[PDB]
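The chain contents come next:
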Amino acid sequence: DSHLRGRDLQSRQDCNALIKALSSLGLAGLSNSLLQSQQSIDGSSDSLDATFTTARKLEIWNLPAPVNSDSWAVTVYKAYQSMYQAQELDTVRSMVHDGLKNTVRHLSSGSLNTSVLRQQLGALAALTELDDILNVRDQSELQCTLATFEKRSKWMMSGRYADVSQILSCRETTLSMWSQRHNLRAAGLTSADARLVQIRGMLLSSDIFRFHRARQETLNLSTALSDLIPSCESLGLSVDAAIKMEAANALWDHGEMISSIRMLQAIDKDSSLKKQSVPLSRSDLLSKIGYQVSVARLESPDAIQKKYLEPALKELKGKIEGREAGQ
Amino acid sequence: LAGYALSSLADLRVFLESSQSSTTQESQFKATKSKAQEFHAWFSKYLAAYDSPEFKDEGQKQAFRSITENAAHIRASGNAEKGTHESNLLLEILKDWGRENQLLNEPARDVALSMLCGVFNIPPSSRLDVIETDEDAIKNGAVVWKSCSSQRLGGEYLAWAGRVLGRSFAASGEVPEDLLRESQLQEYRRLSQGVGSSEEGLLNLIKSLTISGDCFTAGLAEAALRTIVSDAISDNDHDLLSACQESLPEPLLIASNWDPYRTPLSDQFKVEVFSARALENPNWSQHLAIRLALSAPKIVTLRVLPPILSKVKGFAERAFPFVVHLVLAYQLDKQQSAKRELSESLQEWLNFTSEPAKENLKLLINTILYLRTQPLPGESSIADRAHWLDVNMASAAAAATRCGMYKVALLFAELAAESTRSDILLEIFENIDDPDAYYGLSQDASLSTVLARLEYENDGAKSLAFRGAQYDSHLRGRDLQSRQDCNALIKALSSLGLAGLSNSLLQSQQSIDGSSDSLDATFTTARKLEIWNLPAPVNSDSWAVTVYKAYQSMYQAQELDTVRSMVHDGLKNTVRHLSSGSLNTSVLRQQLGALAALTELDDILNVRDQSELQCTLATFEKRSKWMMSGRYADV
Amino acid sequence: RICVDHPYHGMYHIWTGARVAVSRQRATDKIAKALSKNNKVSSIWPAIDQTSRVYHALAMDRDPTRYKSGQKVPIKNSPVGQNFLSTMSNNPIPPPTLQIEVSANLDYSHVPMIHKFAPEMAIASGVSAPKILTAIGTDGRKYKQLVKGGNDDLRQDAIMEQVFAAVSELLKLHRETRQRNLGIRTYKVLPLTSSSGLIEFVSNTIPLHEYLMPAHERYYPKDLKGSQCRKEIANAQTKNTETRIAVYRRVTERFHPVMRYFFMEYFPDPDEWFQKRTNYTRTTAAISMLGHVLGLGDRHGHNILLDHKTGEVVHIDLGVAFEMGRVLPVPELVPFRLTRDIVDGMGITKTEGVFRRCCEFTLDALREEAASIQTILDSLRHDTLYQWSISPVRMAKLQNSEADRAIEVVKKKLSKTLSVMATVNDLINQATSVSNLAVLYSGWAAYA
Ligand SMILES: Nc1ncnc2c1ncn2[C@@H]1O[C@H](COP(=O)(O)OP(=O)(O)OP(O)(O)=S)[C@@H](O)[C@H]1O
Ligand SMILES: [Mg+2]
């Protein structure tokens, strides 16, 4: 502001910095609007990468991508763009393989410091996950891909944050694009299957982002998940309880204790936790409400035990083994 | 004599200055002009020699001397300079207006004001102004606002009243209470005083017509009072007698009595509305008041009304509650017809969304409120005053919410809830003027509701997070709500101070159709970033546009006169908009803050040397003393 | 030097001290003798001397025949009354229960003196009849006074009123509580001797119980009476907790709150009604938090006054503090008074709203001033005459190191371990609980 007001020439640099900041938060719309305004796009290579991360996040698949660029965002963007504008899997595989080849040549080029190096390796990882889900043929491989995502989560919980955020955002883009593009999928993979897998991958990423204490990314994920519920109820899926519990978790992690408690109680009151995919046991929900009500002192410790803890032990139904009963 | 001297002297002076004789013998005119001048000189001598033992205090005697003496020497117009006669007279009229034992009545003061403020002359600077200190402005702000609530006032008088109200708000940060009241119960309690009955209210309303009327209206009022007082004297009605002895002064109480005669047949001269769609014609109140008053001939106070309700303009709206109460109280033990008719029509009148019917709906709500304060005969508690009419209090709450009376709406909503033992409570809570009331309302939880609470709360980054999430998720899914999201974001980013980000969010948007939130947001940002080339709309109800036009004109101008003219136009327009009426509290306080900003601008434009610069700085410091604890939006 | 510069702030202390206790009395007597010798204060010390003597004489004078509880007797028929009127006519002073602000310019001439007394004086119900005098001052205002005699201790009440006023003054330094004018209403207690005092009769209030007991039968003629509820709750006072709670539920199912009418019948204008109801809620919140932090007890209906001009409650009789109330035979185990009628005066939003947000702002400003509250209680710790336990005299009058423990409890109520939201939730849960309200003393009218 102080440089726009004084007609200073540094404001351009300021704008550049701002774009960077706003792309490290997850606010993609604000950075997009900051991008179009700028008309001298001469910002060494920070602007080059920022012009395609935002396009991939907002799913703007009509940018003319430069050719022979040393940027990972351009490579990943070209792969996903070609996934959008294509009617056969062979074109998409060819674009993915060209991306892997170019990334390896750039890694071999030599003088790269550690951040650029780790960005290129994360681009390789994103292209590999894309190539993995493009090549599924039946349900068993879908479930095996999901299990692979879980083991990689085991590694991710303690890893560096830049690598994890980059891989997880590219995985979100991959799963959403695969769910949208019906002609790229195999024969026996309906749209309910692709939707369900997308939802599970998102919930997994939400766990991973919660441990890193990345508030804005859990907010983005829970919003983008809540937007999928109308299109999920028409495919025959019942995923309202898990998605509303993710929203309640986002609320609780931003400090809204009473709103989170009210949301969980609404899930428990009007929802059929039995007949629904992405299961949700009633005893873990009840114990979650009980824990949050005890932390907020919202009810007397004699009603907490009568409404939430003893009903939970009764919902276990004599089962005294496992992690649900342990919790 | 004070009011008569003021009125007569003013009229004489105006007649002395005016000189247009075409069908009058040009010598006949000089004759009458000399005659008038000598009457003026004689009357001024008599007034200077006047001294009464009936003056309440010596303050009243000095006020009388000052009023008469200054009025004897005023010009054809009025000004606000320091030391002239017109300004001393204006200051005396205003200072007297706000008091408890005042000399001038409403007609005399209206005449003098219309003579002074009709063509005004606002001083360029404020060191020559008759009100120049923050203390005089805090003292006289209420009366100066009461003054500029007419229609015979020039533009320069509204600019001067704007300067005074702005200095008062910039020095105190408090709204004059005339702008905050929403019901008329204070008028109804000022009239029906002494005993607190509707008869005294009607008698005050009729008595005020004898002094403030044209020959016809004063004749109708004197006739009505003559019949009333004579019938109260003959029939020995003690209630009505006690009403008259407290509503009328003794000289009028004596001149209304046909003691040795009989009431003449020239005085007593006599002259659907109980359904829907009747609430929309501008004479609903008059027709309904006549219809009701005709149904109770035994009450003398209602028998003489139709000849005044039909002729005098604006009398039925002032007298409607008293008439309704008198009729309902009369037929309490008899067959209750007016109650049945009114309570059957209210079911249709209260559910009436319309622009032409809003001003009669306000009158219906004020009538219900007024009946809530009148004791039922034979009641145990105030909970039986719900039997005057039969109102559905949820419908009345909704209706009062439509009219912009939110505390009245909250009272009705509470009465409704008592009658039972939440879609209207939200609209009430969002707009009522209390920081904590909104949080008492319970609603179903979600990220959207938390966002709503954060945007009501005017939070900074905390609402920016939730709004950025929504906005991204709506841009990605090609949803149509993103526009609204963008709108919200702009608002958020203009409540933080990040003007560059909101500017960039503004240009992107290409359908600028965002009620009035976008109108104000397009000029706050331009003023903060100092972008002085926007084409500002003309005749806009937005404070940001007004302030922007003042500063823009300050940029594109080579002489101080153009800037002063633009500032004065801004003050005038802001005052007219404050007088327009239906504004809730946030818009009201925004307009007052616009007045304060224009006044500070006009103050620094008029400095001439270093000492005034330092005095302006010291003024800023004292205002800081008030600001430290004031509301945050205003500050 | 304090008594010479500001006489209306030190000379009553000197008088009470004169007229290790023997050494204190001797020293105060020497100061008094020196005060009645210098030029600045010589028309002021004799006035206070003679006037206090006659006020004390009038306080101690009880006659069951000449003073009937509830009457209104002209104060000229007893010899004490006539001596009092004459002595007060000859010696002009400011009303002893008027709160005088300290003057930096040392000029106490603008203070209203007592012009005359109203001819009659009311009488309240008791053994030693407390008499309510009225004094018409020079500026033409009426200052009423309770001339309280007997065996009470008003120094406890005076000390605690001073402490509460100091803490409420601390509240003005924070944006959230100053923006809402959160604070308490004060009154003036003036102990004359160890058995008598002058209490300021708060101007235009009405006791909470004296509004609530007639209103309950005016608005619900089919409910139980206040006396029937009190007796029904007092009969089951020596029974198990189950029976006490059952009797309490049975009583409160036939007793509905009526407090919401206090505002609909003193303020019929909606603008004024809303403002006054908000004043009531805010002052109740402030005194609830402030009396939780200082353990304030004995909060029955006769110690809470409703100001029917501004809406806001006044708490008097503040002497049972620092948790002395849960030591009684039937303990007071609630943090503050939040019965169904106190909460009914707040509207559709019973608690969630103004009362809860104001509780949180008060408690948040209090635990950011824990150093200053520690300083105030420390000044209390060096007061030889303040008793930190409730002496069995008053303990029998209530229900038909101690400094270190008390200040430690106060210091751990101001601990930032829990959040303000959770603390207030817990307090409002235990103040409105039926299992806590059912086992309170029957004179603490909890059914109400
Ligand atoms: N300082 C005061 N200002 C105004 N009213 C007061 C004041 N002190 C007491 N009152 C009221 O006037 C009456 C005087 O009460 P007292 O008889 O002195 O003591 P009490 O509290 O009534 O007796 P107990 O022990 O509480 S039953 C009561 O109704 C009080 O509510
Ligand atoms: Mg008491």
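- The record lists cryo-EM as the method behind this PDB entry and 3.7 Å as its resolution.

- The PDB entry annotates chain C as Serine/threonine-protein kinase Tel1 originating from Chaetomium thermophilum.
- Readers searching the PDB will find this entry under the title "Complete CtTel1 dimer with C2 symmetry".

- As recorded in the PDB entry, chain A goes by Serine/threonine-protein kinase Tel1 and comes from Chaetomium thermophilum.

### Comments concerning the side chain of C:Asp271
Then step 1. The residue C:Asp271 is located in helix α12 (residues 270-293) in this model.
Then step 2. One buried charged side chain, C:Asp271, makes no salt bridge at all; its nearest oppositely charged neighbour is B:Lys407, positioned 6.1 Å away.
Then step 3. The contact partners of C:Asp271, leaving out residues within four places of it in the chain, are B:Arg181, B:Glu182, B:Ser183 and B:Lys407.

### Comments concerning the packing of helix α2 (residues 7-18) of chain C against helix α3 (residues 21-35) of chain C
All names here are of chain C.
Then step 1. Packing of α2 against α3 leaves a shortest axis separation of 8 Å and a crossing angle of 130°. When the interaxial angle is binned, α2 and α3 end up oblique. Along this stretch, α2 crosses α3, giving a crossing that reads as left-handed. Residues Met-11, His-13, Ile-14, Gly-17 and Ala-18 of α2 lie in contact with α3, whose contacting residues are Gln-25, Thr-28, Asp-29, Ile-31, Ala-32 and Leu-35.
Then step 2. A class-by-class count of the residues in the contact of α2 with α3 yields 6 nonpolar, 4 polar and 1 charged.

### As for the interface of chain A and chain B
Then step 1. Across the contact, 30 residues belong to chain A and 31 residues belong to chain B.
Then step 2. When the two sides are added together, the surface that chain A and chain B hide from each other amounts to roughly 2,600 Å², 60% of it contributed by carbon and sulfur.
Then step 3. Scanning the region where chain A abuts chain B turns up 2 salt bridges.
Then step 4. Linking chain A with chain B are 12 residue pairs in polar contact, by the criterion used here.
Then step 5. Going through the elements one at a time, α1 (2-5), α3 (28-37), α4 (46-58), α11 (215-226), α13 (240-254) and α14 (257-269) of chain A are the ones with two or more residues in the side of chain A that touches chain B.
Then step 6. No other element matches the 6 residues that α11(A) contributes to the side of chain A that touches chain B.
Then step 7. In terms of residue class, the side of chain A that touches chain B is made up of 13 nonpolar, 9 polar and 8 charged.

### Thoughts on the site of ligand 1
All names here are of chain C.
Then step 1. Near ligand 1 you find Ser-125, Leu-146, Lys-148, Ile-199, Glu-200, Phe-201, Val-202, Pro-207, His-300, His-302, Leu-305 and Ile-316, and these make up its full shell.
Then step 2. Within the contact set of ligand 1, a nitrogen atom lies 3.0 Å away from a backbone nitrogen or oxygen of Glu-200.
Then step 3. In this structure, a nitrogen atom belonging to ligand 1 sits 3.2 Å away from a main-chain N or O atom of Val-202.
Then step 4. Considering ligand 1 on its own, with 630 Å² of exposed area, one finds that the protein chains cover 69% of that surface.
Then step 5. Of all elements in the fold, only β5 (142-149) and β7 (196-200) reach the threshold of two or more residues within the shell around ligand 1.

What counts and how
- Residues numbered from 1 in each chain as written, not as in the entry; some residues may be left out.
- Chains lettered and ligands numbered in written order.
- Part of a larger assembly, values for the part shown.
- Heavy atoms only, no water.
- Helix = DSSP H or I, 4+ residues; strand = E, 2+ residues; numbered from the N terminus.
- Buried < 20%, exposed > 50% of the residue type's maximum accessible area, 1.4 Å probe, protein only.
- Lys, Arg positive; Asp, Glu negative; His and termini not counted.
- Salt bridge = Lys/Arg side-chain N within 4 Å of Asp/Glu carboxyl O.
- Contact = heavy atoms within 4.5 Å.
- Axes fitted to C-alpha atoms, helices over the stretch in contact; angles between N-to-C directions.
- Parallel < 35°, antiparallel > 145°, perpendicular 65-115°, else oblique.
- Left-handed = near helix turned anticlockwise from the far one by under 90°.
- Nonpolar A, V, L, I, M, F, W, Y, C, P; charged D, E, K, R; others polar.
- Buried area = accessible area lost by both parts, 1.4 Å probe.
- Polar contact = N/O pair within 3.5 Å; in protein donor to acceptor, adjacent residues only side chain to side chain.
- Near = heavy atom within 4 Å.
- Areas by Shrake-Rupley, 256 points an atom, 1.4 Å probe, with all protein chains shown as cover.

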